[PDB]
Amino acid sequence: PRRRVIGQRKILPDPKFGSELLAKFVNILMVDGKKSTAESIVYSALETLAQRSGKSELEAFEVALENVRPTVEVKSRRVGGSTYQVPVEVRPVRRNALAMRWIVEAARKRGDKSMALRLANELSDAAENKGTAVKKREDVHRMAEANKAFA
Amino acid sequence: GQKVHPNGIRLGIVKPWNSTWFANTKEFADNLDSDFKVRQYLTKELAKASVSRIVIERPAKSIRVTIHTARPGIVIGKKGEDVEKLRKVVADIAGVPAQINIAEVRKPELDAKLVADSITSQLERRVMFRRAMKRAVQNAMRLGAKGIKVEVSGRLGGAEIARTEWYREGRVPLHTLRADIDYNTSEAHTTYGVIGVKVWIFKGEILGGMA
Amino acid sequence: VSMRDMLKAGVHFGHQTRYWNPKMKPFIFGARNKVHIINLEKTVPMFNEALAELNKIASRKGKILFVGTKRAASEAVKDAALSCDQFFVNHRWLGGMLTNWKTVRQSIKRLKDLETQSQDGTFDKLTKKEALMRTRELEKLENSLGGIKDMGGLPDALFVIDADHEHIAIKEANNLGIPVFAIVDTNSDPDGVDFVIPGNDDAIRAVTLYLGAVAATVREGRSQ
Amino acid sequence: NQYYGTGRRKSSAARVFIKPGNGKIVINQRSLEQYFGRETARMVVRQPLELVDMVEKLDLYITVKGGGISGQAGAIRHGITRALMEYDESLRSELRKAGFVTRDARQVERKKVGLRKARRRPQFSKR
Amino acid sequence: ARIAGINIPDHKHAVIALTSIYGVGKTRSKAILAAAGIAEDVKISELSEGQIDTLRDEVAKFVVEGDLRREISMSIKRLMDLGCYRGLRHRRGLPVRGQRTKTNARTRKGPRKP
Amino acid sequence: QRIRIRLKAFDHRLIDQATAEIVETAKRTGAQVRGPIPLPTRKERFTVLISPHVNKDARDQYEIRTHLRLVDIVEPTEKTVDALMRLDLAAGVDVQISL
Amino acid sequence: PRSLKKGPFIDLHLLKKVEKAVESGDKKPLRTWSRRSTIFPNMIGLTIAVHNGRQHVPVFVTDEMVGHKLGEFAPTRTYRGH
Amino acid sequence: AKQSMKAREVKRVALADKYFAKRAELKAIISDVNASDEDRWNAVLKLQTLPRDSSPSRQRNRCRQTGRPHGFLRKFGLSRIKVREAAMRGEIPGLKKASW
RNA sequence: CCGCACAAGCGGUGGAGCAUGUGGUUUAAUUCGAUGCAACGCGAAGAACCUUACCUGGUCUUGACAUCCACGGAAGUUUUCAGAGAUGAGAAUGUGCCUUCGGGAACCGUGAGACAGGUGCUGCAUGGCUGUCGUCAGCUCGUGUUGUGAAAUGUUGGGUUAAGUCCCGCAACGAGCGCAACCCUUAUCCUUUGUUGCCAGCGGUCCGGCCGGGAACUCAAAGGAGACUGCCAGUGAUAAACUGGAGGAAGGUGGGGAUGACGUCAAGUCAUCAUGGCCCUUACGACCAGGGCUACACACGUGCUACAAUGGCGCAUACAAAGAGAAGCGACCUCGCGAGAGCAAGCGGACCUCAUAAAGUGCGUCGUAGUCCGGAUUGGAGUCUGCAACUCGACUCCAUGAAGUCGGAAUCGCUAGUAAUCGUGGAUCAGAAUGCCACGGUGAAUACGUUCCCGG
Ligand SMILES: [Mg+2]
Ligand SMILES: [Mg+2]
Ligand SMILES: [Mg+2]
Ligand SMILES: [Mg+2]
Ligand SMILES: [Mg+2]
Ligand SMILES: [Mg+2]
Ligand SMILES: [Mg+2]
Ligand SMILES: [Mg+2]
Ligand SMILES: [Mg+2]
Ligand SMILES: [Mg+2]
Ligand SMILES: [Mg+2]
Ligand SMILES: [Zn+2]
């Protein structure tokens, strides 16, 4: 973008609910460009969400995200020729994106003998404001504050 | 960096081929190999004639070839005796009844072969390459060639190093497929060394395609 | 033109007393409100004697180049040239318009070739975008040499508005010996004008007066 | 009246035909669900008809050939939209805002020399 | 549930616990299971001893794991004793099927040596 | 009973001319044509190293496109088949005749 | 390794030399250039030299060696480490 | 390259031709099963005798113009260099650069 | 100022095993070159023999190949012994055609030497071709002006573009090499033509596009039309230019190629070819068998398969494009577990074949483990190609079941149908694909910005 920022491909919504955050979300969980393998695992989570954690999974969909959607961010930059780890805000879209990465990663670190089960759990886990995605929101919300020497 | 071949690129756009005959995978390889051989024999016979072009189209049974040269009377000889025996040698070396036609070019300077080879020769006359090529470009401009470009490379005047050089006259555009550009290379084997020569002649852009 | 005819148009008007050129002292009536006032007593006879020379030149088949690059007065000077079948420069002056006659002739030929080609055809053979681009190039050549496409050779006389603004033209003319007829405001240097008219060069009314009188006398010189 | 349609996407092509009546889908003589083992694809063909909500008004005899399941469906949807514009004669504006008449081009890039993929670059080892 | 070679390797699907024995591989094991008529996925544990008896038979019919290793050892033994090309290589502990020794021969070559 | 004829060439202009001349001559002989049907032309791609010196990057791609036309006359007579034999075509074109 | 429709490839002239040896009883190891020909039952308990490419090496055949190529026994390279 | 090599190739070719028949029928006998296994045995043994150069395997594609062992184009039997050249001139009927 | 240069992102390398090149090493030979970019799965689009130049040995000396003039024999065909074959040694058959009868043609062989030959050295003698900076935006000239003049101006400045793109300013104006465009392809539509291609309508049909027929639509392939910030609104020096919207199939050079301005780097190539000169010439020339180009204490580069539940396994089950092909593909049917084999039609290919695409989808399975993961390696047993497969081919079946549990330092690649994945074909080829060249399936994420890394 040294000339002009090139926009990331603009996405379209899941049909199962007409929503898109799913769409962007599944696009995250997707591995080796296989859409069919990915969407299966979200329904193996959101469906089991609407029951394990209570109805309205699509609202549980984000109660975790809410628990994870970051606010403070650290774009370390050598403004003076020396790298400064300055805490900074990010527009809404990113923190959503970031969070989405922040959870899917946690669905790859739990074992449980299945990937579908891991996504279901971590979602609810962070849906109760407890776990890792929220944690990796905590720590970033911790080291961002810890380094505030200069703007 | 390395330039592309102006003739090749403009093939099927403004440059018709040199051999038209249809062929199939089984006979294509033999047909080109025989075509290469007659051309090789003919060019040597036409070295005296100073041939500019040699086209070869094979009809389904017969083979026909046309020659473009600055010396029609030399190719005619007397009652076509020379070219007659030539038709013979070619018909046989190609194992096909042969028909030989001549279409002499009326503008020898406006053909890159004739000019290039004249240059090669004059160099073998050890004339001053510089004035040689310069006289040639002036003659082409006098004939009205929209533009001319020439290049002599290697051992200019038996130089113990290769002082490769080029000269450009008028306008000779490249990268524009609309432009009609005759091109040709040639060589001259001086006792000191082998010297290559390239020639471009732009005669104006064509409109409406190969027609 | 009579002194009364000029004065109503405002020919006596000039630039500020802050901005004047030294050689213009003889032609300056005085100052009012820190404004230079031009003397019509000199202006009228010099303009008449210049009109005599212009009539003479046009009556020996002279080619006349009206020169002015003011954005306000460009169309006035162009129409002035058209009213007497002459040649003009109404857009920014280009150096070597006179001394470099050969390059201008090649540009004139390119303008003529493009207009002839469009009438002849082959625009359809070109892509529609390319044909439009060729029309734009023809328009650009017209905006550059609309006045001098038919001049044929170097002109026989020059009429210049605001000689200081067009100083390159007068330098060229003097280098060629082509006579210069110019409306010279107080801020201009009058050395380059062989028949000098000291007068306002901005005001549309006085400029149109100059042009109309010159063109009437040029048509008169042509008529014989 | 049978309504002809021609929708093309990726490497699939699709002839489409609409008949007013009870809503039904018959593609390559298959039944949609029976055609696609994926739901998204059934939803994609239904989406243009669903947006106008005229599903019960037109039945569908359609044919698709070439490409893969996603291209098949895309081309089918495209053909559907063209047939809908033809039948209503006022749907062109609705489809244009919707985004279903885009076509989208996007043919796969041809592999290029010296490149393991049409754009992938063979590893260049600096060190 | 004893069978040729190892006894009761693991409680896994018959074909699995079967292939577990050296000299018994996916195909020999599945063919033996088909010959026995015992089910493919039934666990070796909890399988009828009478069925296990049919297995000891159908397997001892093959060269048993202990016997197999002896015989291949003797094969390679001769192969070397003849000092034959592959005989030599075997003695040299190097690839004996034209695999390049120039690079990537570690499988038989073993740990890197300066 | 038919007379089908396949024409192959490297330039469409020649093949088009050949077909045009063969349908029109059929009209002169009162032969009923099936029309100059176009057919998938065959593209042959060749990749070739362009440098004698050792490199992999230097490469070039050429193509041979074989234009292909088909015609056929439902009811031939001496006047139709003999006219095709009488007709003389250019070299670059290919004539295949079947009944 | 080899198609068993026609059987193991052996050289004719090697058959000649070997059978002549045989009928003539033991002879000093005849020499051979065909590393390829397959050992046979008639060639048992006899020696033969075989060009390792720079020189023919003497190998004394035995029952088991039958059914293999003569060349396998001859080494075409040397090696002694680093 | 070496005219020696070119002539070697010409010879290999011309020679290996005539025995095509013999070579062929020989394999036939050999390949052909249901034989007594001696008729073949000697038959294959007989085939062995023929000039080793008889096998088409002995032959080697070689650019006709330059006798070059690598870079052979079955469609032309020429070197990648020489075919490029002949193309650039336009000899190869219809051949043009491919862009897509 | 700009560029996957950086940054934000995915997927990697660097670990493992193996394929693959290179150096080192060894060899008799392991033939020759390439050596940062711009060598190192490079030449080589394919070393068993051949290939082939390297080694070993066998051999020939006007010769393997060419012209020369003699002498003789038709040309040939078949056939035997020795040899490893080179080759000798024979031994038979034929001993032909034109001729104006002389001979000639035709070849074959022996002699004469003139001569042949070189993959011998010299890319620092060169031509030719190619790599690079770099498709980088630059490089210049005519005229003019000024300078007595070496010169400068133009190309400078400011907006502003992908661009020395364009405009306004500007003693500069024009132009060229260029850029752009013209080319091919793809994205929409229209005309013409309708078989081997299609079936909308129908009549029939065994219900198969299959057949009456249809010529609609798909496709097919020749022609065409369409994208121009055209248009509108809003900025901007009112100019250029930008932005958004509408229309539109596509929007701002619509996507992709080809095209490399000078010029640079004694770049690379004298083993494509050509060639200056030097050296061998009973041999650095020529033929033949075997070995060698595949060696392994080793080191680097490139690539492939993995480490496993988005997985594996089994069962059923689905959507392609582009091509190749008559010493060919090789249908069908029979045999075999397969490798294949037999049989054998059709196809020179919109007709036949290769060939029934995988990922997917549906069902059971396994339940985290060195596992039902991965697959190396090895034994055994065969198949095929090629006289011939041991060194040293490919593939099948049985068994073995490594290492490896996502790989430091460091590092590399990509901004959309992209990367990633999964299949497909082709070249080279008797046979010998992880290598190359193409075709499709599914198909991401991020790019705040330019401080910086490099590059220009
Ligand atoms: Mg070979
Ligand atoms: Mg060398
Ligand atoms: Mg070198
Ligand atoms: Mg050098
Ligand atoms: Mg050897
Ligand atoms: Mg090697
Ligand atoms: Mg690698
Ligand atoms: Mg598995
Ligand atoms: Mg694990
Ligand atoms: Mg590759
Ligand atoms: Mg693909
Ligand atoms: Zn003034």
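Residues numbered from 1 in each chain as written, not as in the entry; some residues may be left out. Chains lettered and ligands numbered in written order. Heavy atoms only, no water.

Going by the annotation in the PDB entry, the name recorded for chain F is 30S ribosomal protein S10, with Escherichia coli given as the source organism. Per UniProt, the comment on chain F under Function (unreviewed entry) is "Involved in the binding of tRNA to the ribosomes." (UniProt positions renumbered as here; feature names shortened; annotations may be inferred.)

The name the PDB entry gives chain D is 30S ribosomal protein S9, with Escherichia coli as the organism. Here is the UniProt Sequence similarities (unreviewed entry) comment for chain D, exactly as written: "Belongs to the universal ribosomal protein uS9 family."

Draft legend 1. Structural detail: the overall build of chain F. In terms of regular secondary structure, chain F is built from two helices and five strands. Each helix (α) and strand (β) of chain F, taken in turn from the N terminus, gives the series β-α-β-β-β-α-β. For a compact globule of 99 residues, the expected C-alpha radius of gyration is about 13 Å, and chain F comes in at 19 Å, more than 25% above that figure. Principal-axis analysis of the C-alpha atoms places the extent of chain F at approximately 65 × 20 × 20 Å. Within chain F, the proportion of its 99 residues that are buried is 42%. Counted over contacts in chain F with a minimum sequence separation of 6, partners at least 24 positions apart contribute 72%. Here chain F displays about 5,800 Å² of accessible surface, and carbon together with sulfur accounts for 54% of that area. (Helix = DSSP H or I, 4+ residues; strand = E, 2+ residues; numbered from the N terminus. Rg over C-alpha atoms; globule rule 2.2 N^0.38 Å. Buried < 20%, exposed > 50% of the residue type's maximum accessible area, 1.4 Å probe, protein only. Contact = heavy atoms within 4.5 Å. Areas by Shrake-Rupley, 256 points an atom, 1.4 Å probe, with all protein chains shown as cover.)

Draft legend 2. Structural detail: the interface of chain H and chain B. Between chain H and chain B, the residue contacts involve 17 residues of the former and 21 residues of the latter. Here chain H packs against chain B, burying approximately 1,600 Å² in sum over the two surfaces, 61% of which is carbon and sulfur. On the chain H side of the contact with chain B, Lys75, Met88 and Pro93 of chain H bury the most area, a combined 34% of that side's loss. Between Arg39 of chain B and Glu91 of chain H there is a salt bridge; the shortest N-O distance is 3.6 Å. Here chain H is connected to chain B by eight residue pairs in polar contact. For the side of chain H that touches chain B, the secondary structure elements donating two or more residues are α4 (80-89) and β1 (96-97) of chain H. Counted by class, the side of chain H that touches chain B contains seven nonpolar, three polar and seven charged residues. (Buried area = accessible area lost by both parts, 1.4 Å probe. Salt bridge = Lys/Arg side-chain N within 4 Å of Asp/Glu carboxyl O. Polar contact = N/O pair within 3.5 Å; in protein donor to acceptor, adjacent residues only side chain to side chain. Nonpolar A, V, L, I, M, F, W, Y, C, P; charged D, E, K, R; others polar.)

Draft legend 3. Representation of the sheet that holds strand β1 (residues 51-57) of chain B in the model. All names here are of chain B. Judged by pairing direction, the sheet is mixed, and its three strands sit side by side in the order β1-β2-β3 without closing on themselves. In this open sheet, the two edge strands, each paired with only one partner strand, are β1 and β3 (98-102). Each neighbouring strand pair of the sheet contributes to a mean axis angle of 15 degrees, computed without reference to strand direction. Note that β1 and strand β2 (residues 63-69) share six bridges and pair antiparallel. Opposite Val55, over in β2, you have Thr66 as the bridge partner. Contacts from helix α2 (residues 25-49) reach β1 and β2 within the one sheet, and its direction differs from that of β1 by about 150 degrees. (Pairing = 2+ DSSP bridges. Axes fitted to C-alpha atoms, helices over the stretch in contact; angles between N-to-C directions.)

Draft legend 4. Up close: the environment of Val63 of chain E. All names here are of chain E. Take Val63: it is sitting in the loop between α3 (49-60) and α4 (65-81). Spatially, the C-alpha atoms of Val63 and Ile76 are 17 Å apart, while their sequence positions differ by 13 residues. Each residue touching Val63, except ones within four places of it in the same chain, is listed here: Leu68 and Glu71.

Draft legend 5. Representation of helix α1 (residues 12-23) of chain G. For α1 of chain G, spanning 12 residues, the distance from its first C-alpha to its last is 16 Å, which sits close to the expected 16 Å at 1.5 Å a residue. Taken residue by residue, α1 of chain G has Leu12, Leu14, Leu15, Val18 and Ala21 of chain G as its buried positions. Where α1 of chain G is buried, its residues contact β1 (30-32) and α2 (70-73) of chain G together with α3 (39-49) of chain H. Following α1 of chain G by one or two positions, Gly25 of chain G adopts a phi angle in the positive range, close to 70 degrees. (Expected span 1.5 Å × (residues − 1).)

Draft legend 6. Structural view of a nonpolar patch on the surface. On the surface, a nonpolar cluster with roughly 320 Å² of combined accessible area is contributed by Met85, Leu89, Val95 and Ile97 of chain F. The exposure class of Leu89 of chain F is partly exposed, given its relative accessible area of 32%. (Patch = residues over 30% accessible without salt bridge, like charges linked within 9 Å, V, L, I, M, F, W, Y side chains within 5 Å.)

Draft legend 7. Local environment of unusual backbone geometry. Here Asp85 of chain C, not a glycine, exhibits a phi torsion of approximately 60 degrees, which is positive. A positive phi is found at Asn104 of chain E, a non-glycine position, where the angle reads about 50 degrees. Relative to the helices and strands, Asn104 of chain E resides in the loop between α5 (85-92) and α6 (106-109). On the accessibility criterion, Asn104 of chain E (78% relative accessible area) is exposed.

Draft legend 8. Quick peek at the protein's contact with RNA strand I. Taken together, 260 residues surround RNA strand I, and among them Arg94 of chain A, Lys198 of chain B, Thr107 of chain E, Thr76 of chain G together with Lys82 of chain H come closest. Of everything in RNA strand I that lies within 4 Å of the protein, sugar and phosphate atoms constitute 72%. The separation between a sugar or linking oxygen of RNA strand I and a polar side-chain atom of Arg100 of chain E is 3.3 Å. A per-element tally of the surface near RNA strand I places helix α1 (residues 3-18) of chain H first, with seven residues. For the surface near RNA strand I, the per-class residue count stands at 75 nonpolar, 80 polar and 105 charged. (Near = heavy atom within 4 Å.)

Draft legend 9. Structural context of the pattern of salt bridges. Residue and element names in this part refer to chain A. Following the criterion strictly, the structure yields 34 salt bridges over all chains and no others. Note that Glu66 and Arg69 form a salt bridge whose closest N and O atoms lie 2.8 Å from each other. On the accessibility criterion, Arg69 (18% relative accessible area) is buried. Look at the salt bridges and you will find they share partners, linking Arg110, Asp112, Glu122 and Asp125 into a network.

Draft legend 10. Geometry of a positive patch on the surface. Together, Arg4, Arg9 and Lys10 of chain A together with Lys10 and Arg106 of chain D make up a region of like positive charge exposed at the surface. By relative accessible area, which is 44% here, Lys10 of chain D ends up partly exposed. (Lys, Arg positive; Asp, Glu negative; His and termini not counted. Charge placed at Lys NZ, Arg CZ, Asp CG, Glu CD.)

Draft legend 11. Fine view of the packing of aromatic side chains. Taken as a whole, this structure holds 14 aromatic pairs over all chains when the rule is applied. Centroid distance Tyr3 of chain D to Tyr87 of chain D: 5.3 Å. Interplanar angle 50 degrees. Geometry classified as tilted. Remark: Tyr87 of chain D occurs in helix α3 (residues 69-88) and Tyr3 of chain D occurs in strand β1 (residues 3-9); sequence separation between them is 84 residues. Residue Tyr3 of chain D is classed as buried on the basis of its relative accessible area of 14%. Here the aromatic cluster, defined as three or more aromatic residues joined through ring pairs, consists of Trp21, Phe22 and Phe28 of chain B together with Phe10 of chain F. Over the ring of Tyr35 of chain D we find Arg30 of chain D, and its NZ or CZ is 4.9 Å from the ring centre. Here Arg45 of chain F stacks its cationic end above the ring of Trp100 of chain H, 4.1 Å away from the centre of that ring. (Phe/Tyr/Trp six-rings, centres within 6.5 Å; stacked < 30°, edge-to-face > 60°. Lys NZ or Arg CZ within 6 Å of the ring centre and 35° of its normal.)

Draft legend 12. Main features of the packing of helix α2 (residues 20-31) of chain H against α3 of chain H. All names here are of chain H. Viewed as axis vectors pointing N to C, α2 and α3 meet at an angle of 150 degrees, and their least axial separation amounts to 8 Å. As the angle between them shows, α2 and α3 are arranged roughly antiparallel. Along this stretch, α2 crosses α3, giving a crossing that reads as left-handed. Of α3, the residues touching α2 (which contributes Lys22, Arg23, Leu26, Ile29, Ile30 and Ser31) are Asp39, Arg40, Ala43, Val44, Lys46 and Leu47. A breakdown of the residues in the contact of α2 with α3 according to their chemical character gives six nonpolar, one polar and five charged. (Parallel < 35°, antiparallel > 145°, perpendicular 65-115°, else oblique. Left-handed = near helix turned anticlockwise from the far one by under 90°.)

Draft legend 13. Structural detail: the arrangement of the chains. Taken together, the nine pairs of chains in contact show their highest number of contacts between chains B and H. Contact between chain B and chain G is absent, and the minimum C-alpha spacing across the pair is 34 Å. No interface is formed between chain A and chain H, the nearest pair of C-alpha atoms being 26 Å apart.

Draft legend 14. Structural view of the sheet that holds strand β3 (residues 64-67) of chain C. All names here are of chain C. Taken in spatial order, the five strands make up an open sheet running β4-β3-β5-β6-β7, and their pairing is parallel. In this open sheet, the two edge strands, each paired with only one partner strand, are β4 (87-89) and β7 (195-198). Across the sheet, the mean angle from the axis of one strand to that of its neighbour is 15 degrees, orientation sign disregarded. Two elements, β3 and β4, share three bridges in a ladder whose sense is parallel. Its bridge partner lying in β4, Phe66 is registered against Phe88. Strands in contact with helix α7 (residues 204-223) are β3, β5 (157-161) and β6 (180-184); relative to β5, the strand with the most contacts, it is inclined by about 165 degrees.

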